[PDB]
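Peer 1: Mind looking over this structure? Questions follow.
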Amino acid sequence: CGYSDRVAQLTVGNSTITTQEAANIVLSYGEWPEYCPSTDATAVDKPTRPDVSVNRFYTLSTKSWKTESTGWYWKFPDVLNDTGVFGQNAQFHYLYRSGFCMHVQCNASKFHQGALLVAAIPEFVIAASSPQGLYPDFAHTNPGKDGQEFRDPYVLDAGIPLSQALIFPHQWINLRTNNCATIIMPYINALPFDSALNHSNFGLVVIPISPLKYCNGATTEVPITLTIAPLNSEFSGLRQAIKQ
Amino acid sequence: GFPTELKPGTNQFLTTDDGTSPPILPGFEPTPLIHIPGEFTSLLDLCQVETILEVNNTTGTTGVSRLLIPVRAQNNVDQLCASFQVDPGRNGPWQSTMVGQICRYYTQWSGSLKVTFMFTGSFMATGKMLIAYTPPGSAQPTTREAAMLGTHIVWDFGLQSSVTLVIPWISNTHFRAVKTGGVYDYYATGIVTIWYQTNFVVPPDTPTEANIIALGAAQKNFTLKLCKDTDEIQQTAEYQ
Amino acid sequence: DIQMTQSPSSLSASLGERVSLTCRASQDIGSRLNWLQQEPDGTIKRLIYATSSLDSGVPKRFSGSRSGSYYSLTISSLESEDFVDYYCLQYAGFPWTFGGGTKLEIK
Amino acid sequence: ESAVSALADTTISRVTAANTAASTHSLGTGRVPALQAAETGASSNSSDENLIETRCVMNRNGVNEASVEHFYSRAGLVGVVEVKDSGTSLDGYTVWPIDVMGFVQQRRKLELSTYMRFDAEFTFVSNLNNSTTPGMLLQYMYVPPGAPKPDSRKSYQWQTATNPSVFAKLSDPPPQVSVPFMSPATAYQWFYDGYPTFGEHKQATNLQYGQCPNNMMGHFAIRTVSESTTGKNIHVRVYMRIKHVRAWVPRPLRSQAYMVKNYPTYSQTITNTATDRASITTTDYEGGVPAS
Amino acid sequence: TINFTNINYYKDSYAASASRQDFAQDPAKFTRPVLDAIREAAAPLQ
Amino acid sequence: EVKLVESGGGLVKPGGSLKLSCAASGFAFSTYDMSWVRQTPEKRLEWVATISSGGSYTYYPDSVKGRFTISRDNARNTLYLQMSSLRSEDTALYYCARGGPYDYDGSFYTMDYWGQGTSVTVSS
Ligand SMILES: CCCCCCCCCCCCCCCCCC(=O)O
């Protein structure tokens with residue numbers, strides 16, 4: 001009635017995700033993903049809406065959590081731009097609009113300890129640490145499926161302090177209470193549609209705050225898996241396929 | 001034509017006067033306003049968001065190891081874990097919080113605070129802690145019997161891995177100055193200490209040391225006044 | 001480099017006395033000064049860490065404290081197996097430096 | 001005669017803070033208003049009336065100065081243009097790009113929001129090197145993107161047939177002008193995670209990461225209306241007051257020191273958001289004398 | 001008083017003074033951005 | 001019980017190489033940062049190397065930086081120290097102890113369990 005059940009099933013498209021130790025589901029900024037209303041549209045071409053082909057769960061990367069692990073970040077449209085029929089509607093069209101349902105998976109024994117911070121940062125601009133040399137490379141700004149290991153998680157590699165990242169839609173994977181984080185995020189931009197190749201709407205960040213400690217005899221390999229699913233995906237402006 | 005007489009305050013540029021200037025572009029209609037999620041109209045709405053307190057800000061502690069209160073299995077009884085002051089605009093743990101940085105843009109604050117604690121240990125680790133708020137007047141409690149006399153909660157680890165210590169608003173005045181130190185300790189808020197009510201017990205083949213994450217925020221009765229500038233970041237030359 | 005200076009290079013005593021060995025730092029190191037004990041065979045064991053915490057298994061005769069920049073290790077009642085050697089280790093700066101030995105002897 | 005009702009409501013009415021209700025003691029099971037789960041991502045719902053025995057307070061403290069309007073509607077330095085006509089720079093004019101991210105005080109306040117949509121008021125405080133304000137005539141021309149930019153003190157672009165220009169003297173009150181929302185997008189953007197143009201961004205200097213032309217609003221051209229070198233340098237200070245603000249997606253306030261305009265670049269010597277104690281147990285408060 | 005304020009002397013609506021007569025508050029979209037509402041008295045994870 | 005057994009001492013000629021392993025047992029070697037320590041015959045301890053619990057981070061003092069390299073094998077629970085061009089100033093007893101500045105939960109096991117002590121000798 002007034003609690004949050006720990007079992008959860010997330011079914012979109014032809015994919016289903018089960019969790020038996022969930023905490024809740026974060027509905028970023030209180031709004032659900034929606035299509036673009038005609039009052040807030042600018043392009044005149046009819047949009048493409050592949051419902052079940054595009055909007056589905058893509059398991060994209062698995063990282064090995066270690067004691068001396070800083071963190072990892074992925075950029076949302078970039079992480080899915082070479083995969084499935086999403087990475088084809090986003091290369092053939094110039095305009096794109098979609099939300100997502102991020103699901104992060106990390107399970108460990110009751111004799112393991114550690115806590116991760118899973119956050120979704122709108123307009124996550126990665127900075128460079130200067131002693132070119134003042135601007136980040138393209139590998140660090142759009143890293144794709146295999147994300148980028150943080151260099152200074154204390155500053156989120158952006159000059160902003162990690163302590164205040166909880167102002168963004170976030171969740172914790174605390175290995176004694178839960179093993180998954182779920183964040184539903186609507187499309188956030190100052191424009192109805194935008195390019196899925198030249199612009200990254202959100203940044204997905206997973207940072208260990210309390211390191212992963214265990215004892216001798218426990219499973220030393222504890223992986224973190226990122227599953228993402230577009231929601232309400234629209235595409236407009238068809239043309240030759242472009243991969244930038 | 002119409003007789004008028006100029007008064008003092010003429011030709012002055014008050015940087016905070018809400019006036020009316022001429023428009024440089026007549027007939028200008030801007031781009032339509034579309035729905036962008038995440039609109040915030042008040043800074044008090046941001047002050048009620050829990051953000052990590054930097055309680056382990058000791059010398060030699062670098063990086064994310066400053067956001068962690070170490071907790072450990074004890075040989076003795078009734079020992080101190082960690083302490084910090086609950087003045088939001090003081091140089092210390094509250095500099096890492098959103099309520100502690102919004103406060104520095106204002107001169108006076110009022111209302112209750114909220115420090116949520118989270119135990120990031122094993123599932124097999126049990127314990128009980130006494131977190132106490134000592135109102136102004138007293139130094140940091142030297143023992144647990146002294147801290148017990150103030151606003152305190154006993155916290156049992158378990159399934160629900162978080163507890164909320166509401167620092168209540170016990171003040172002489174309706175407001176407290178964000179500045180603190182010297183004569184301005186008249187506006188000191190108090191001290192929060194974490195003691196061991198019982199031990200930190202673990203079964204065999206289980207880590208004997210864990211962490212506590214502190215998350216500070218403001219309650220529904222928080223207010224700020226006398227907007228001012230911040231002492232946070234500095235500049236010696238234009239960025240160019 | 002944070003140079004740490006142990007005051008007594010050697011201190012004689014008799015079983016039952018109370019000795020104390022100080023070790024000052026060149027800059028602020030906080031509560032990050034440890035204490036070691038090297039036996040004649042050459043085994044090192046940590047007695048006090050963070051200047052006030054005794055390692056699990058050490059007798060209650062050891063007590064560390066801080067009075068300003070001076071970090072002191074006190075042996076309340078000296079027993080027979082407490083006359084070997086003592087070092088102070090600081091780990092606040094990156095070049096972790098150690099003291100210079102406080103070999104205690106008998107009279 | 002329906003404006004007399006509108007003119008009466010033209011005051012800042014006070015909106016008070018939240019009240020406290022009286023509370024009693026609770027001794028029972030299954031009602032745990034103090035146990036939370038921070039892994040959920042939600043802030044604690046625990047109120048004061050459920051943690052301690054509270055009294056009834058009718059709180060009359062106002063919360064108006066915490067609005068985003070009041071927090072932002074306050075002028076601040078966003079530019080310093082120096083019109084040189086002395087020594088080895090006998091120009092008499094300057095063309096200054098409009099960037100509000102060159103000074104830390106206005107920059108750190110703006111970078112609290114990801115998207116802002118606002119009208120502005122721009123005031124110009126111009127003088128000489130010795131604070132003096134003679135009767136020199138100045139033209140403050142605004143050059144939108146695409147318009148031709150001046151190349152001398154006596155060039156055709158200063159005819160301002162369509163560009164907005166303000167003619168004023170140093171010996172007059174500071175010129176002030178209301179500027180609307182002037183972006184192709186629906187909101188400005190202090191953080192743009194992307195590139196302006198398509199392509200393989202494999203350059204050594206990735207000077208284009210983060211540059212959104214929706215914020216590039218053009219240049220300001222300032223000249224002395226003269227026919228030859230005046231021999232005097234004039235400093236112009238631009239102050240931007242924000243009006244009719246709408247902000248979206250709050251962000252953490254800046255912790256590191258800025259290094260360059262238009263980029264979040266920081267230094268390898270990372271500073272700490274909080275200052276340093278000597279121990280996790282030391283507090284700086286020497287209160288009264290204990291009775292025991 | 002008589003409060004002769006907040007008058008607009010120009011035809012462009014953006015020349016007016018600041019909009020200071022609407023102090024709206026809605027923190028739930030940052031403080032409790034979750035799908036399942038959790039009552040204060042209930043244990044959250046159950 | 002935590003037990004560290006260092007091995008690999010010997011009399012190496014000036015300007016040579018030597019590898020010093022350290023067998024670890026009794027604790028999770030993949031969760032602790034390790035470090036090597038020296039002891040000049042003048043009874044003056046000194047830090048020589050340190051490595052993260054995964055092997056990515058390393059720190060060497062300026063007196064050692066550039067010559068010595070510290071490795072880590074977690075599957076075999078071994079810790080190495082690959083020496084380079086040496087000098088008489090490196091003839092000392094080397095110890096393998098726990099501790100490192102690359103752990104957010106450190107500062108507790110900093111130099112808590114030392115080893116037995118190998119012995120290197122650089123001379124002719
Ligand atoms: C008649 C002369 C008047 C001068 C008018 C020029 C002022 C124009 C206002 C443009 C500022 C709008 C917001 C600033 C956006 C810049 C942000 C950026 O470049 O990073």
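Ligands are numbered from 1 in the order shown, chains are lettered A, B, ... in the order of the structure tokens, and residues start at 1 in each chain.
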For segment 19-36 of chain C, please output as a ChimeraX atom specification all residues within 8 Å (counting only C-alpha atoms; exclusion window: fewer than 2 positions along the same chain).

Peer 2: /B:58-60 /C:2-8,13,17,38,44-51,69-76,78,86-93,99,102 /D:277-279 /F:107

Peer 1: Up to 7 Å from chain D, what residues of chain B turn up? Count only C-alpha atoms and give them as a ChimeraX atom specification.

Peer 2: /B:11,15-16,21-24,30-34,38-44,49-50,54-59,82-85,91-93,95-96,118,137-140,160-164,166,168,220-221,223-225,233,235,238-240

Peer 1: So that I can check the secondary structure, give me every residue of segment 122-270 of chain D assigned strand (DSSP E) by backbone DSSP, as a ChimeraX atom specification.

Peer 2: /D:122-127,137-143,165-169,176-179,188-189,219-224,234-250,266-267

Peer 1: Store the residues picked out above, limited to N, CA and C atoms, as a compact mmCIF listing (two decimals), in the first residue's frame.

Peer 2:
# COMPACT_ATOMS: atom_id res chain seq x y z
N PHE D 122 20.87 45.40 -20.10
CA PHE D 122 22.30 45.60 -20.23
C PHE D 122 22.63 47.06 -19.95
N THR D 123 23.46 47.28 -18.95
CA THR D 123 23.91 48.61 -18.57
C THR D 123 25.40 48.74 -18.86
N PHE D 124 25.82 49.91 -19.33
CA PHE D 124 27.19 50.14 -19.75
C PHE D 124 27.78 51.27 -18.91
N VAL D 125 28.81 50.94 -18.14
CA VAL D 125 29.49 51.90 -17.27
C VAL D 125 30.86 52.15 -17.88
N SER D 126 31.02 53.28 -18.55
CA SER D 126 32.23 53.61 -19.27
C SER D 126 32.92 54.80 -18.63
N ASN D 127 34.24 54.79 -18.64
CA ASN D 127 35.04 55.86 -18.06
C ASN D 127 36.46 55.74 -18.61
N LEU D 137 31.77 61.46 -26.95
CA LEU D 137 30.62 60.76 -27.49
C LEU D 137 31.03 59.36 -27.94
N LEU D 138 30.22 58.37 -27.58
CA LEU D 138 30.49 56.98 -27.89
C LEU D 138 29.27 56.36 -28.55
N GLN D 139 29.52 55.43 -29.47
CA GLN D 139 28.46 54.66 -30.11
C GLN D 139 28.61 53.20 -29.72
N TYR D 140 27.55 52.62 -29.17
CA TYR D 140 27.51 51.23 -28.75
C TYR D 140 26.63 50.48 -29.75
N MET D 141 27.24 49.98 -30.82
CA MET D 141 26.50 49.25 -31.84
C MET D 141 26.47 47.76 -31.53
N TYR D 142 25.33 47.14 -31.81
CA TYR D 142 25.15 45.70 -31.66
C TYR D 142 25.16 45.06 -33.04
N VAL D 143 26.04 44.08 -33.22
CA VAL D 143 26.25 43.43 -34.51
C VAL D 143 25.78 41.98 -34.43
N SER D 165 21.81 50.78 -32.24
CA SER D 165 22.93 51.53 -31.70
C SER D 165 22.44 52.49 -30.63
N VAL D 166 23.32 52.77 -29.68
CA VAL D 166 23.06 53.72 -28.61
C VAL D 166 24.18 54.75 -28.63
N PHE D 167 23.81 56.02 -28.82
CA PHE D 167 24.76 57.12 -28.75
C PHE D 167 24.66 57.76 -27.38
N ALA D 168 25.78 57.82 -26.67
CA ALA D 168 25.80 58.42 -25.35
C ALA D 168 27.19 59.01 -25.11
N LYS D 169 27.28 59.84 -24.08
CA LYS D 169 28.54 60.40 -23.65
C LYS D 169 29.00 59.73 -22.36
N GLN D 176 21.28 52.05 -20.71
CA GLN D 176 20.60 50.83 -20.31
C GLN D 176 19.59 50.46 -21.38
N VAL D 177 19.45 49.16 -21.63
CA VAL D 177 18.68 48.68 -22.77
C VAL D 177 18.16 47.29 -22.45
N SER D 178 16.91 47.03 -22.81
CA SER D 178 16.28 45.75 -22.57
C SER D 178 16.45 44.85 -23.79
N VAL D 179 17.00 43.66 -23.57
CA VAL D 179 17.30 42.70 -24.63
C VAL D 179 16.38 41.51 -24.46
N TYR D 188 18.47 29.00 -23.65
CA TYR D 188 19.92 28.99 -23.70
C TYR D 188 20.44 27.70 -23.07
N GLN D 189 21.74 27.47 -23.22
CA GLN D 189 22.31 26.18 -22.84
C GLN D 189 23.76 26.42 -22.42
N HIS D 219 28.27 40.18 -31.69
CA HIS D 219 29.33 41.05 -31.21
C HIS D 219 28.76 42.40 -30.80
N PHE D 220 29.49 43.07 -29.91
CA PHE D 220 29.21 44.46 -29.55
C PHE D 220 30.34 45.33 -30.08
N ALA D 221 29.99 46.33 -30.88
CA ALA D 221 30.95 47.24 -31.47
C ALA D 221 30.85 48.59 -30.79
N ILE D 222 31.97 49.07 -30.26
CA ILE D 222 32.02 50.33 -29.52
C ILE D 222 33.13 51.18 -30.12
N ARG D 223 32.79 52.41 -30.49
CA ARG D 223 33.77 53.35 -31.03
C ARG D 223 33.61 54.70 -30.36
N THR D 224 34.69 55.47 -30.39
CA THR D 224 34.62 56.89 -30.12
C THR D 224 34.27 57.61 -31.42
N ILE D 234 39.43 54.07 -23.25
CA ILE D 234 38.15 54.07 -22.56
C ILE D 234 37.78 52.63 -22.21
N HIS D 235 37.48 52.40 -20.94
CA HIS D 235 37.04 51.09 -20.47
C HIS D 235 35.53 51.08 -20.37
N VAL D 236 34.91 50.01 -20.87
CA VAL D 236 33.47 49.84 -20.82
C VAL D 236 33.17 48.56 -20.06
N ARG D 237 32.28 48.66 -19.08
CA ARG D 237 31.89 47.54 -18.24
C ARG D 237 30.44 47.21 -18.49
N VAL D 238 30.17 45.95 -18.83
CA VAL D 238 28.85 45.50 -19.23
C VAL D 238 28.24 44.72 -18.08
N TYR D 239 27.05 45.14 -17.65
CA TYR D 239 26.34 44.51 -16.55
C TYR D 239 25.02 43.97 -17.06
N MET D 240 24.76 42.69 -16.81
CA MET D 240 23.60 41.98 -17.33
C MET D 240 22.67 41.62 -16.19
N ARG D 241 21.48 42.21 -16.19
CA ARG D 241 20.42 41.83 -15.27
C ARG D 241 19.44 40.92 -16.00
N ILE D 242 19.10 39.80 -15.38
CA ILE D 242 18.24 38.80 -15.97
C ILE D 242 16.81 39.03 -15.49
N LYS D 243 15.87 39.05 -16.43
CA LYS D 243 14.46 39.25 -16.12
C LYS D 243 13.64 38.17 -16.81
N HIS D 244 12.53 37.79 -16.18
CA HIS D 244 11.62 36.77 -16.69
C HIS D 244 12.35 35.44 -16.88
N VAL D 245 12.90 34.93 -15.79
CA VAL D 245 13.77 33.77 -15.82
C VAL D 245 12.94 32.50 -15.77
N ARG D 246 13.39 31.49 -16.52
CA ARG D 246 12.87 30.13 -16.42
C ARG D 246 14.06 29.19 -16.50
N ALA D 247 14.24 28.35 -15.48
CA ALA D 247 15.40 27.50 -15.37
C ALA D 247 14.99 26.03 -15.32
N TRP D 248 15.88 25.17 -15.83
CA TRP D 248 15.61 23.75 -15.94
C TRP D 248 16.85 22.95 -15.57
N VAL D 249 16.63 21.76 -15.03
CA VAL D 249 17.67 20.77 -14.74
C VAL D 249 18.78 21.36 -13.87
N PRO D 250 18.55 21.50 -12.57
CA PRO D 250 19.61 21.99 -11.68
C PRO D 250 20.85 21.12 -11.76
N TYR D 266 39.58 22.02 -15.87
CA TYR D 266 40.11 22.30 -14.54
C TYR D 266 41.58 21.90 -14.46
N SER D 267 42.16 21.95 -13.27
CA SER D 267 43.59 21.75 -13.10
C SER D 267 43.87 20.39 -12.49

Peer 1: Run DSSP on the backbone of this structure and report the residues of chain E it assigns to alpha helix (DSSP H), as a PyMOL selection string.

Peer 2: chain E and resi 28-31

Peer 1: With C-alpha atoms retained, write the just-selected residues as a short mmCIF file (atom, residue, chain, number, x, y, z; two decimals), in the first residue's frame.

Peer 2:
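Writing done, so here's selection_18.cif:
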data_model
loop_
_atom_site.label_atom_id
_atom_site.label_comp_id
_atom_site.auth_asym_id
_atom_site.auth_seq_id
_atom_site.Cartn_x
_atom_site.Cartn_y
_atom_site.Cartn_z
CA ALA E 28 8.61 16.49 -5.13
CA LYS E 29 10.12 16.18 -8.61
CA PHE E 30 13.61 16.30 -7.08
CA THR E 31 13.05 14.98 -3.54
#

Peer 1: Do a neighbour search on residue 25 of chain A at 8 Å with only C-alpha atoms, toss out local chain neighbours closer than 2 positions, and write the hits as a list in words.

Peer 2: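 Non-adjacent residues within range: residues 23, 27, 181, 182, 183 and 184 of chain A; 40 of chain D; 34, 35 and 36 of chain E.
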
Peer 1: Could you save those same residues with N, CA and C atoms as a PDB file, in the first residue's frame?

Peer 2:
ATOM      1  N   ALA A  23      15.006  -1.790  -5.359  1.00  0.00           N
ATOM      2  CA  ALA A  23      14.658  -0.787  -4.360  1.00  0.00           C
ATOM      3  C   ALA A  23      13.394  -0.031  -4.755  1.00  0.00           C
ATOM      4  N   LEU A  27      11.510   7.818 -11.498  1.00  0.00           N
ATOM      5  CA  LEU A  27      10.865   8.496 -12.615  1.00  0.00           C
ATOM      6  C   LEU A  27      11.443   9.904 -12.665  1.00  0.00           C
ATOM      7  N   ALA A 181      19.541  -0.887 -10.300  1.00  0.00           N
ATOM      8  CA  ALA A 181      19.072   0.490 -10.322  1.00  0.00           C
ATOM      9  C   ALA A 181      18.311   0.726 -11.616  1.00  0.00           C
ATOM     10  N   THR A 182      17.160   1.384 -11.517  1.00  0.00           N
ATOM     11  CA  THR A 182      16.297   1.633 -12.665  1.00  0.00           C
ATOM     12  C   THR A 182      15.929   3.107 -12.696  1.00  0.00           C
ATOM     13  N   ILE A 183      16.253   3.775 -13.799  1.00  0.00           N
ATOM     14  CA  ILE A 183      15.975   5.194 -13.982  1.00  0.00           C
ATOM     15  C   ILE A 183      15.265   5.371 -15.314  1.00  0.00           C
ATOM     16  N   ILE A 184      14.027   5.847 -15.270  1.00  0.00           N
ATOM     17  CA  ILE A 184      13.277   6.216 -16.462  1.00  0.00           C
ATOM     18  C   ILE A 184      13.451   7.713 -16.669  1.00  0.00           C
TER      19      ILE A 184
ATOM     20  N   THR D  40      16.774   4.093  -2.664  1.00  0.00           N
ATOM     21  CA  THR D  40      15.638   4.395  -3.525  1.00  0.00           C
ATOM     22  C   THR D  40      15.927   5.572  -4.441  1.00  0.00           C
TER      23      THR D  40
ATOM     24  N   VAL E  34      10.089   9.014  -7.626  1.00  0.00           N
ATOM     25  CA  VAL E  34       9.964   7.565  -7.661  1.00  0.00           C
ATOM     26  C   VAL E  34       8.563   7.182  -8.111  1.00  0.00           C
ATOM     27  N   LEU E  35       8.428   5.923  -8.530  1.00  0.00           N
ATOM     28  CA  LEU E  35       7.163   5.441  -9.066  1.00  0.00           C
ATOM     29  C   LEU E  35       6.212   5.000  -7.964  1.00  0.00           C
ATOM     30  N   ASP E  36       6.737   4.388  -6.909  1.00  0.00           N
ATOM     31  CA  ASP E  36       5.928   3.909  -5.800  1.00  0.00           C
ATOM     32  C   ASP E  36       6.002   4.909  -4.655  1.00  0.00           C
TER      33      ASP E  36
END

Peer 1: Give me, as a PyMOL selection string, all polymer residues having an atom no more than 8 Å from residue 64 of chain A, counting only C-alpha atoms and skipping those fewer than 2 positions away in the same chain.

Peer 2: chain A and resi 62+66+221-224

Peer 1: Which residues are near segment 19-22 of chain A? Cut-off 12 Å, only C-alpha atoms, ignore same chain within fewer than 2 positions. Put them as a PyMOL selection string.

Peer 2: (chain A and resi 4-11+16-17+24-26+103-108+171-183) or (chain B and resi 159) or (chain D and resi 37+39-40) or (chain E and resi 44-46)

Peer 1: Take the residues that were just selected and, keeping C-alpha atoms, output them as a short mmCIF file (atom, residue, chain, number, x, y, z; two decimals), in the first residue's frame.

Peer 2:
data_model
loop_
_atom_site.label_atom_id
_atom_site.label_comp_id
_atom_site.auth_asym_id
_atom_site.auth_seq_id
_atom_site.Cartn_x
_atom_site.Cartn_y
_atom_site.Cartn_z
CA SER A 4 7.90 -0.51 -2.42
CA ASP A 5 7.96 -4.18 -3.36
CA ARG A 6 11.37 -5.71 -3.98
CA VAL A 7 10.37 -7.92 -6.92
CA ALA A 8 10.04 -6.16 -10.26
CA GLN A 9 9.49 -7.12 -13.89
CA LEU A 10 10.24 -4.68 -16.72
CA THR A 11 8.79 -5.76 -20.08
CA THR A 16 11.81 -8.78 -20.09
CA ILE A 17 14.01 -7.90 -17.11
CA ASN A 24 12.28 1.29 -6.48
CA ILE A 25 12.07 2.82 -9.96
CA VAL A 26 13.15 6.45 -10.37
CA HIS A 103 18.86 -0.67 -15.78
CA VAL A 104 22.16 -1.39 -14.02
CA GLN A 105 22.85 -4.86 -12.65
CA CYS A 106 25.37 -5.77 -9.95
CA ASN A 107 24.87 -8.76 -7.65
CA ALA A 108 27.15 -10.13 -4.94
CA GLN A 171 19.99 5.49 -7.24
CA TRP A 172 22.34 3.33 -5.20
CA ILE A 173 23.39 -0.27 -5.66
CA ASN A 174 24.21 -1.05 -2.04
CA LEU A 175 25.21 -4.71 -1.95
CA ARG A 176 23.29 -5.38 1.28
CA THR A 177 19.92 -3.98 0.21
CA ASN A 178 19.62 -4.16 -3.58
CA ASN A 179 21.32 -5.31 -6.77
CA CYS A 180 19.76 -3.15 -9.49
CA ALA A 181 19.07 0.49 -10.32
CA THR A 182 16.30 1.63 -12.66
CA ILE A 183 15.98 5.19 -13.98
CA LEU B 159 16.96 -4.39 6.00
CA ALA D 37 16.05 3.58 2.26
CA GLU D 39 19.09 3.48 -2.21
CA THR D 40 15.64 4.39 -3.52
CA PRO E 44 10.24 1.72 2.60
CA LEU E 45 11.63 -1.59 1.32
CA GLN E 46 9.20 -4.40 2.11
#
